[PDB]
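First comes one chain, alone, set out as structure tokens in the form deposited without the ligand.
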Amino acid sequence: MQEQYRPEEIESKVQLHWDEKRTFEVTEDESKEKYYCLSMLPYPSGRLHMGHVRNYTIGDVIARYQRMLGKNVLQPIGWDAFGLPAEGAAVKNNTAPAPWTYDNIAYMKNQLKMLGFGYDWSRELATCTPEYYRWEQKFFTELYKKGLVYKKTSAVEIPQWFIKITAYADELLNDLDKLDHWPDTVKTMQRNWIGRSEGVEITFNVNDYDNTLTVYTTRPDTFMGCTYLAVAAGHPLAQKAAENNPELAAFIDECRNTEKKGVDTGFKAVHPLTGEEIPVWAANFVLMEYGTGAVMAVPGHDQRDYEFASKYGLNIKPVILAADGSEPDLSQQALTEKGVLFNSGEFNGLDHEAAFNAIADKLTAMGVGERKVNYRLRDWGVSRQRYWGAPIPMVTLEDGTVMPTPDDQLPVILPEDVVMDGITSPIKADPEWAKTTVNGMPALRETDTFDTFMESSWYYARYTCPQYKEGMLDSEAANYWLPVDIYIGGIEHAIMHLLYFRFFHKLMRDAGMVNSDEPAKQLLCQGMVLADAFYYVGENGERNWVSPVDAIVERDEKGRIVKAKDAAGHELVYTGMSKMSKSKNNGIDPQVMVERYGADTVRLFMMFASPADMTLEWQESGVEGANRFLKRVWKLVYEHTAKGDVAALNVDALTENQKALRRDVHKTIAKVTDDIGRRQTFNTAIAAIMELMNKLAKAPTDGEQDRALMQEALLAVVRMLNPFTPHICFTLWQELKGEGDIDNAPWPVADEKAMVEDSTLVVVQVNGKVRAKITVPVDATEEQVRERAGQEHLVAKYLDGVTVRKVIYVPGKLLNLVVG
């Protein structure tokens, strides 16, 4: 065993071992319990950032841990390889998106391997390859045939392909209740995004107008407070008035281009319940695309109605009582909360629900209103006018008819060998490309490409069967691996990717491809990585941001930063810990830290510094701390093994001191197990390891028994660290002569006999304040404990000439003397 811990001489060798033995390659083995650990796949931008490194270390800890529990563990990696940044970079260099993307993939793959992530590399997928994307093309034609796909022109105004995500709104919404191991925050974000709303449509007669106008409201209870209506710029009534009104027409034209603003339509509606004529405005805040593109306005109780009404001198009418039953102060703003009606005729005194229902019922029976459920969720627009994405498998015949690309022309291959002219997709600018023949007649194949969210919506599934032809999924394999047991990635994907992949899963279920409703049991959103951020003010008044690496700080007598400078001598202002970024120049390159300290130190720091789901504060000093710890583990194993083999441990003949150390070993095992497997607090797991290492470093190692005990502890410690720092642990395991490769060694289980106490610490309070802590035989009786407490000078001091009124006793733990 080398005396010196040398990451550079260890890490690449173990890594090569992992590849040579294919250690982390798995099959669909029905005789084992499966566990699918998934991290969100990276975009091949060029290098890993610190967030990839946190995301994938978390995944790797879990995958290696679960393997040591004896599970069959799938941990796959791949590349979300289509998308915009490649087009930018293709043009910026003298190049094409594909070769730039493949270069980034090789470079980043080598970084992942240098970090020693235990992936099943045989399952590796890159989404820009025809072998991957042909399947989403095929599935898209199937989706179209199921009636879930349609073309339509829309804002972004351009034609687009949509997939009917609204056909699954209620399922996406209901099934959120099945997801207890998703965080509330992500669930609430998807709820609001889907935005199912229960309301009322209300129809008005309009003077000098040969239609009726209908609005949608979620607060029909406030309808007696309605003083005007507001319609979207692009509403048929708004257009009918503009015909004779240059002001209005001017306004409508504005509302397309680049904040309460509107115009008086000149039309008057009759309020169906008061008979009063009310104005109709065109207004900027009203979406033509939602509901009916028109609202009834109630300034007294809708904040945006309040602002609009004030601006244009429209009536503000109160109809909701305050929470305390008093008529609302509307001098400043609207009363938003739902309360009892007043000033609403027949509906006065009704509470919120009763009023909602009475007014709905009334307007229904009058035939000018009905209940109506709307959704904020729009259909999913999957089309882009972009080159670097998977072609959309549709064609147009000469007769005009749109249909899917015939099965025998799939995939539709994106040509990789192209030259970007910056502005037009090569497959657009060459009018030859589109030309095809369908049933031996000329057709034009679609020229738009898929939204990149298309590939990331089903990759997690394809990982189960990456080499399968015949179909998108081999069901047997997919149903074996799915659902994902834990999915680790950022909360920022909450209402894009994390919604799309639930939807796509349901689409694949409903094509018979899988047999479960939800793609992922647990979702873990890891916190952001923060770093210190500094800037100075140039003599031009411009803020110049200086990397915290480049900052020379100086500290008071307690270590607070109080003054700082860069090398050039500028005065820096410390702005605290902040999200890593190019704007603030506080990015840290993981590769530099891997090359400086070895991957194990980097990984250990990032798991130690902070619970997975909280923000992590990057500190060079914490990293050097982690590194020194690893040297202390290396040293203690060096010293222990330098003395050769050990006798078998005799557990019956241990000193009270030995029993105590061994109890601490096994309690640590229990605690680390609980922390990693149930609580998922990896920071406290690691702290328990360090704490134990500190004790082990202080224990004697001369006697045969001390050495046997040290062997047992080191074999446990080395396994406990292994999911965090597997390169050093793999090596140390061999030094200790552990059986086999550590990657397939069993996770240590705590020995119950080792955890038994002969003694217990009893905390002694007097009137609830700690006056002593006594060690007593583990089964001492309450009388024995009391007697011992009263023999303590520290306690007796507070019993002297005062009377014990009563005692509270928690067996073997606490005695409080109430006195007196």
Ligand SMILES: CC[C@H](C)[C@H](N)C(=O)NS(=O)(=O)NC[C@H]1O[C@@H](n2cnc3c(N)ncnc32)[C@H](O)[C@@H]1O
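Throughout, we count residues from 1 along the sequence that is shown. Only the largest set of C-alpha atoms that superpose within 1.5 Å between the two forms is called the rigid core.
> Across the other PDB entries of this protein that were compared, is residue 802 absent from at least a third?
That residue is missing from at least a third of the other compared entries.
> Using none, 1 to 3, 4 to 9 or 10 or more, say how many deposited residues go missing between residue 653 and residue 654.
Gap between residue 653 and residue 654: none, chain continuous.
> Count up the deposited residues without coordinates from residue 258 to residue 259 and drop the result into none, 1 to 3, 4 to 9, or 10 or more.
The entry has 10 or more unmodelled residues between residue 258 and residue 259.
> Please compare 427-435 with 738-746 and say which has the higher mean C-alpha temperature factor in the record.
Taking the mean B-factor of the alpha carbons in each, 427-435 is higher.
> Identify the stretch, either 604-612 or 212-220, whose C-alpha atoms have the larger mean B-factor according to the entry.
Of 212-220 and 604-612, the stretch with the higher C-alpha B-factor average is 212-220.
> Between 414, 507, 528, 241, which one tops the list for C-alpha B-factor in the PDB entry?
In the PDB entry, the greatest C-alpha B-factor among 414, 507, 528, 241 is found at 241.
> I'd like to know which of 232, 126, 717, 488 has the highest C-alpha temperature factor in the PDB entry.
Most elevated C-alpha B-factor of the set, per the entry: 232.
> When the deposited Cα B-factors of this chain's modelled residues are ordered and cut into thirds, is residue 628 in the lowest, the middle or the highest one?
According to the entry, residue 628 has a C-alpha B-factor in the chain's lowest third.
> If you rank the chain by CA B-factor, which third does residue 792 end up in: lowest, middle or highest?
Its C-alpha B-factor belongs to the highest third of this chain's values.
> Grab the CA temperature factor for residue 768 from the record and place it in the lowest, middle or highest third of its chain.
It belongs to the highest third of the chain when residues are ordered by C-alpha B-factor.
> Going by the recorded CA B-factors, say which third of the chain residue 303 sits in, lowest, middle or highest.
For residue 303, the deposited C-alpha B-factor lands in the highest third.
> Classify residue 359 as lowest, middle or highest third according to the C-alpha B-factor given in the PDB entry, relative to its own chain.
It falls in the middle third of the chain.
The following text describes the form deposited with the ligand bound, which does not appear among the structures shown.
> Decide open versus blocked for this chain after superposing the C-alphas round the site and placing the ligand the way it sits in the bound PDB entry; the blocked call needs 3+ ligand atoms within 2.4 Å of backbone or C-beta.
Open, going by where the ligand lands after superposition on the site C-alphas.
> Of the residues 463, 487, 730, 140, which one places a heavy atom within 4.5 Å of the ligand in the bound PDB entry?
Going through each option in turn, the one that passes is 487.
> Considering the ligand in the bound PDB entry, which of 68, 754, 40, 26 comes within 4.5 Å of it through any heavy atom?
Looking at the other structure, the residue within range turns out to be 40.
> Residues in which of 487-495, 112-120, 541-549, 143-151 have heavy atoms within 4.5 Å of the ligand in the bound PDB entry?
Among the listed stretches, the partner-contacting one is 487-495.
> Using a 4.5 angstroms cut-off on non-hydrogen atoms, would residue 49 count as touching the ligand in the bound PDB entry?
Judged by the heavy-atom cut-off of 4.5 Å, residue 49 is in contact with the ligand in the bound PDB entry.
> With a 4.5 Å heavy atom cut-off, would you call residue 250 a contact of the ligand in the bound PDB entry?
No, no contact at 4.5 Å.
> Report yes if any heavy atom of residue 428 sits within 4.5 Å of a heavy atom of the ligand in the bound PDB entry; otherwise report no.
No, residue 428 sits far enough from the ligand in the bound PDB entry that none of its heavy atoms falls within 4.5 Å.
> Within 4.5 Å, heavy atoms only: does residue 528 come near the ligand in the bound PDB entry?
Residue 528 belongs to the contact set for the ligand.
> Which single residue of 454, 484, 74, 232, after superposing the core, moves its CA by 2 Å or more between the shown form and the other one?
One residue passes the 2 Å cut-off, namely 232.
> Using a rigid core superposition, assess whether residue 498 undergoes a CA shift of 2 Å or more between the shown form and the other one.
No, the C-alpha moves less than 2 Å.
> If we fit on the core, is the Cα of residue 16 displaced 2 Å or more between the shown form and the other one?
Residue 16: C-alpha displaced by less than 2 Å between the shown form and the other one.
> Once you line up the core, how about residue 87: does its CA shift reach 2 Å between the shown form and the other one?
No, its C-alpha moves less than 2 Å.
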